[PDB]
Amino acid sequence: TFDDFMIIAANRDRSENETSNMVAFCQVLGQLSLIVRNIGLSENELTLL
Amino acid sequence: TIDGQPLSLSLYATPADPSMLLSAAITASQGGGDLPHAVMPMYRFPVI
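Those sequence lines, one after another, are chains A and B.
Going by the deposited numbering, the letters in the first sequence line up with residues 729 to 777, in that order.
Going by the deposited numbering, the letters in the second sequence line up with residues 1991 to 2038, in that order.
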């Protein structure tokens, strides 16, 4: 979740699977930012869904 | 005709018109902030 992504962040002493899940979270966030800006969703349209 | 060409000409119908493109500036609403809890200071009114 975004909880337990906060805990993987601000460590700088994290394992390889831990930072792998971290990079996975960040790139699913990137896929989200693309999936919203490429079609155009002005948040009254998006938070409804 | 004698060559096989028609006498009554064929139909040339009207193609589709160019449409007008539409967009919309949809709007949202965040409410006002709830006013916090007031704290009594130690200084008088001009200082604070």
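All C-beta atoms, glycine included, are put in the ideal place defined by N, C-alpha and C.
Just verifying my parser: in three-state terms, what is the DSSP assignment at residue i?
i	result
B:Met2030	coil
B:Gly2023	coil
A:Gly758	helix
A:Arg742	coil
A:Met750	helix
B:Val2037	coil
A:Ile763	helix
Within a Cβ cutoff of 7 Å, which residues of the same chain sit near residue i, ignoring the five residues on either side of it in sequence?
i	result
A:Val764	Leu774
A:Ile735	none
If you drop the 5 nearest sequence neighbours on each side, which residues of the same chain put their C-beta closer than 8 Å to that of residue i?
i	result
A:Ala752	none
B:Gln1995	none
Taking residue i as the query, report the chain E residues whose CB atoms sit under 9 Å from its CB, ordered along the chain.
i	result
A:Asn772	In the structure shown, chain E cannot be found, because the protein chains are A and B.
*How about the segment 2009-2027 of chain B and the segment 765-773 of chain A: do they share at least three Cβ pairs that are nearer than 8 Å?*
yes
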